[PDB]
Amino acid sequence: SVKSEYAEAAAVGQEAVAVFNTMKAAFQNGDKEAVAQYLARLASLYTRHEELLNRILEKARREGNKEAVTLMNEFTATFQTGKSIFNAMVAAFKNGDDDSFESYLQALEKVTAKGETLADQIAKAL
């Protein structure tokens, strides 16, 4: 069902959360080789999460589930804010700009924390 596809998407999102916190520890410790690998892992995880979310939204649309479509439109918009900040973080790492990397990292945390109530609402709406 679309609801079980959303639970799979939620798990992929939680995997990114886990890897992100490990990456933050490595950044603070100056283990740039680890950070590089974690950033690659996160890119793949965000790419997969984005695709699952789009399939869920398209399915809710085909099902006529207006409330779920509304919430998933709001949620996918916030996802793109996070993705843009993540990509800026990756660029900051490439450039050696630790000040910007710290900024973007905190922003990505706050954007993600904000979106959690909506994430939970979607599970119930599908």
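Rigid core: the largest C-alpha set superposing within 1.5 Å between the two forms. The first residue of the shown sequence is 1; numbering continues from there.
- Farther from the shown form on average, by C-alpha root mean square after a core fit in 9 other deposited structures of this protein, is 111-119, of the stretches 111-119 and 21-29.
- Between 97-105 and 84-92, it is 97-105 that carries the larger average Cα temperature factor according to the deposited entry.
- Taking the mean C-alpha B-factor of each stretch as recorded, 108-116 and 6-14 are not equal, and the higher mean is that of 108-116.
- Annotation for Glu58: CA B-factor lies in the middle third of the chain's modelled residues.
- Per the deposited record, the Cα B-factor of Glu33 falls in the highest third when ranked against the other modelled residues of its chain.
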